[PDB]
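Here is the structure we will look at, set down as structure tokens.
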Amino acid sequence: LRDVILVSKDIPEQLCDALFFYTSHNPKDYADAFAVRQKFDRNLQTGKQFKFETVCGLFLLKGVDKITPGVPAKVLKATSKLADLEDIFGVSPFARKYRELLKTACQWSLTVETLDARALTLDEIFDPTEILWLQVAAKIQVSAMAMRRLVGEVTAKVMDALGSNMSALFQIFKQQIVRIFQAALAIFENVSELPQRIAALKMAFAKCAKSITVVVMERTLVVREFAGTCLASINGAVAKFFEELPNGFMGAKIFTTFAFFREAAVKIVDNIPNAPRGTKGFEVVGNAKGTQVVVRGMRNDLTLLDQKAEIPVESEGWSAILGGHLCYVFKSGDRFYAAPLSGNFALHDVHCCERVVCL
């Protein structure tokens, strides 16, 4: 017969934040934090009793609207203060710092630059866990400021994923991340939209809290994790630069020492060892789809037609040097085909071949 704290479903974001910030939960990363705060906000709206593990022990809460009169309960209303809260829950050291951050917003939220400086410096007052909760706060003005820190982390993981080999490319930098995050995080611009842009951005920072995976699709690099988020537009602008890139051997896109086929990126290497001088080949980089094959030996009795097949790569074949490149070549019924090859990996950009005609 414990006390069930009745908490008004309409409580303001800041109050909601202070209540939630009693949580004992130790958040794994932004994904976990986001998951935990989302469950809790949902629980509150169901208006069903449910549990709340705090740093003052376990309480039970229940979201309400109009309170049925009588059975004197303890109630957190829309107009309650930190004080009313502390009367019920005790003191949360975190909540108190949060009351403090709010108090100083009148300074740090003045402009982009104040917002950035409060963000960058934030760990001077909060530890990693409390930071992550700030980054999922309901109060827009706090979450938007705190999230600023995540751009740096995410930007970084992006380069790392792209490896050294692709650093030159990163120089999609400014027109990138920078502006996209900027637009997405902007606090003064098209407001009233802000509540929604901020909620999309939490979702998106959750989506990629955990890892960043670069793949190749349709001859573009794409960051899987931005794919169904408001951060897609970075995948889009990258696609657009790939789009405009020059077409090359077997229908790939050329940039630098690299080639970008349907579903994989390879570096082109001049004079691949162990073939004639001037023979070129391919070396897969990063994540590739293709077919593990067997190369029985070299044959030179084929010509590459300018023309695609859209058929299964056979798992045993030969190498053949076509258009100056070491390719994989296979037979399929009476017909021949060629494909890009790296080591014993065949990519699926299948082109038709003809056996040579004699005089």
Side-chain angles (χ1 to χ4, degrees), residues 161-171 214-222 238 241-359:
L162 293 178
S164 10
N165 51 97
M166 290 209 261
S167 73
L169 246 187
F170 207 76
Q171 285 347 94
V214 169
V215 296
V216 175
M217 303 177 81
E218 290 310 307
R219 309 158 183 98
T220 338
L221 284 167
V222 340
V238 165
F241 177 111
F242 273 84
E243 188 63 337
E244 283 145 21
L245 226 35
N247 283 1
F249 180 81
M250 285 189 166
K253 284 298 181 173
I254 313 294
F255 177 80
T256 285
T257 44
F258 293 102
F260 287 87
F261 276 109
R262 249 107 107 275
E263 281 161 321
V266 297
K267 17 189 321 101
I268 305 135
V269 343
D270 297 346
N271 303 289
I272 71 206
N274 293 320
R277 259 317 255 207
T279 307
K280 291 176 169 211
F282 314 111
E283 265 167 35
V284 159
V285 287
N287 313 116
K289 317 278 184 80
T291 296
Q292 177 69 35
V293 291
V294 178
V295 191
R296 295 128 171 263
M298 194 73 75
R299 68 195 298 146
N300 64 11
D301 57 327
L302 292 154
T303 38
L304 211 214
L305 296 166
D306 174 302
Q307 141 188 332
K308 294 151 195 192
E310 204 52 284
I311 64 99
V313 172
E314 291 308 300
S315 73
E316 297 203 14
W318 310 263
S319 52
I321 290 159
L322 312 171
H325 290 84
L326 224 208
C327 296
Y328 179 72
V329 96
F330 63 100
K331 206 190 175 190
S332 213
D334 335 312
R335 315 270 305 279
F336 284 96
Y337 307 89
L341 184 58
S342 164
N344 282 145
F345 199 74
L347 267 31
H348 307 147
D349 307 72
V350 184
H351 293 61
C352 304
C353 290
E354 235 153 51
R355 212 181 325 213
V356 285
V357 259
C358 308
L359 230 204

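In this chain, numbering begins with 1 at the start of the sequence shown.
- Within the structure, salt bridge (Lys or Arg N to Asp or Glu O under 4.0 Å) pairs that include any residue of residues 330-344 do not occur (at least two apart or interchain).
- In this structure, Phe261 and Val216 approach most closely via the heavy-atom pair O-CG1, 3.6 Å.
- Closest approach of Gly278 and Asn271 over heavy atoms only: N-OD1, 2.6 Å.
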Q: Step by step, work out the side chain to side chain contact (heavy atoms under 4.5 Å, CB included) result for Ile268 and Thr257.
A: CA-CA 6 Å; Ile268 305 135; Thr257 44; 5.5 Å; no
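- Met166 CE to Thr256 OG1: the interatomic distance, rounded to the nearest 0.5 Å, is 11.0 Å.
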Q: Kindly determine whether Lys308 and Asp349 satisfy side chain to side chain contact (heavy atoms under 4.5 Å, CB included), including the steps that lead there.
A: CA-CA 7 Å; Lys308 294 151 195 192; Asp349 307 72; over 6 Å; no
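- In this structure, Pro273 has no side-chain contact (heavy atoms from CB on, under 4.5 Å) partners at least two apart in sequence or on a different chain.
- The ring pair (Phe, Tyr, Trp, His ring centres under 6.0 Å) test applied to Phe242 returns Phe260, not counting sequence neighbours.
- Applying the ring pair (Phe, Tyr, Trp, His ring centres under 6.0 Å) test to every pair with at least one member in residues 296-325, sequence neighbours left out, gives these pairs: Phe249-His325, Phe282-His325.
- The closest side-chain heavy-atom distance from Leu169 to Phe258 is not below 4.5 Å.
- For the residue pair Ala339 and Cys327, the shortest heavy atom distance occurs at O-CB, 3.4 Å.
- Across all non-hydrogen atoms, the minimal contact from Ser319 to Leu341 is CB-CD2, 4.4 Å.
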Distance-only check: which donor-acceptor pairs under 3.5 Å involve side-chain atoms of residues 296-307, not counting sequence neighbours?
unit_1, atom_1, unit_2, atom_2, d
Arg296, NE, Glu316, OE1, 3.2
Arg296, NH2, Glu316, OE1, 2.8
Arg299, NE, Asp301, OD1, 2.7
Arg299, NE, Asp301, OD2, 3.4
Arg299, NH2, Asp301, OD2, 2.7
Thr303, OG1, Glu354, O, 2.9

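- Residues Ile311 and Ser332 form a side-chain contact, since some pair of their non-hydrogen atoms from C-beta on lies under 4.5 Å apart.
- Considering only residues two or more places apart in sequence or on other chains, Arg262 meets the side-chain hydrogen bond (donor to acceptor under 3.5 Å, both in side chains) condition with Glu310.
- When the side-chain contact (heavy atoms from CB on, under 4.5 Å) test is applied to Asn287, the partners found at least two apart in sequence or on another chain are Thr213, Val215.
- By the side-chain contact (heavy atoms from CB on, under 4.5 Å) test, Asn344 is found to be paired with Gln292, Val295, residues two or more places apart in sequence or in another chain being considered.
- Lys253 is linked by a side-chain hydrogen bond (donor to acceptor under 3.5 Å, both in side chains) to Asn247, counting only residues two or more places apart in sequence or in another chain.
- Side-chain contact between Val238 and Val222 is absent, with no heavy-atom pair separated by less than 4.5 Å.
- Remark: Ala264 engages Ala288, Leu347 in a side-chain contact (heavy atoms from CB on, under 4.5 Å) (not counting sequence neighbours).
- Of the possible donor and acceptor atoms, one in the side chain of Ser342 sits under 3.5 Å from a partner among the backbone N and O of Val284.
- Sorted by first then second residue, the salt bridge (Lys or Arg N to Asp or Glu O under 4.0 Å) pairs that include residues 282-295, not counting sequence neighbours, number zero.
- Residue pairs satisfying the ring pair (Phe, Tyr, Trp, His ring centres under 6.0 Å) criterion with at least one member in residues 331-359, sequence neighbours excluded, are listed as follows: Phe330-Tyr337.
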